[PDB]
Amino acid sequence: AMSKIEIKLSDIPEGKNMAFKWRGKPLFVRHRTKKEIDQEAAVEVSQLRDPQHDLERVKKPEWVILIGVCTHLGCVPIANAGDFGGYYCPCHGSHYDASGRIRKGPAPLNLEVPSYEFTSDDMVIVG
Ligand code: FES
């Protein structure tokens, strides 16, 4: 079983972005704090290059799950870097927020949100 990955949530503490390998690429499972959740909720969406509310990019507010591949040219976004406390792609300087939305730099789109579901309070199944 490699098409779907099952991740134990209790292993990822608040504030941590945990990376896994899925379908040959990085997969990020990040436990967000109340502060991060509220900050993403405060974003004025009409000004975004790729407009989406934070709540249509996550199922549970305290968890953001993203494909760790920069939408510009494919490099790997670095967690807790950049001007928006989200991610930073060093290849050409794209800055993403904690929702994975593109906020500064050349990338054209928000980081991809894969298909996933929570099977219980402790597990999330991606794919
Ligand atoms: S590949 Fe990420 S900014 Fe260019």
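The numbering of chain A matches Swiss-Prot: 148-274, in order.
The header says X-ray crystallography, 1.5 Å.
Note that Cβ sites are derived from N, Cα and C of the backbone, with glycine treated the same way.
Per Swiss-Prot, the feature [2Fe-2S] cluster binding site maps to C217, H219, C236, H239, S241; the stated evidence is experimental evidence. Summarising the annotation, Swiss-Prot assigns disulfide bond to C222-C238. Annotated domain 'Rieske' per Swiss-Prot: 187-272, in sequence order, evidence recorded as sequence analysis.
In this structure the alpha carbons, written CA, of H219 ([2Fe-2S] cluster binding site) and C238 (disulfide bond) are 9 Å apart. Counting in whole angstrom, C236 ([2Fe-2S] cluster binding site) lies 7 from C222 (disulfide bond) by their C-alpha atoms.
Secondary structure at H239 ([2Fe-2S] cluster binding site), as computed by DSSP, is coil. Geometry remark: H239 ([2Fe-2S] cluster binding site) versus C222 (disulfide bond), CA distance 9 Å. Taking the recorded positions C222, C236 in turn, the residue surrounded by the fewest other Cβ atoms inside 10 Å of its Cβ turns out to be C222. Counting other Cβ atoms within 10 Å of each Cβ, the recorded positions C217, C238, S241 show the lowest value at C238. Residue counts of the domain 'Rieske' (187-272) by helix, strand and coil are 8 helix, 25 strand, 53 coil (DSSP-based). Close to the recorded [2Fe-2S] cluster site, the chain also has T218, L220, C222, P224, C238, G240, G252, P253, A254: residues not among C217, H219, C236, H239, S241 whose Cβ is within 8 Å of the site's Cβ mean position.
Rounded to a whole number, the C-alpha distance linking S241 ([2Fe-2S] cluster binding site) with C222 (disulfide bond) is 10 angstrom.
A simple way to gauge crowding: the CB of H239 ([2Fe-2S] cluster binding site) has 12 other CB atoms within 10 angstroms, across all the protein chains here.
Taking the Cα atom of each, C217 ([2Fe-2S] cluster binding site) and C238 (disulfide bond) are about 9 angstrom apart.
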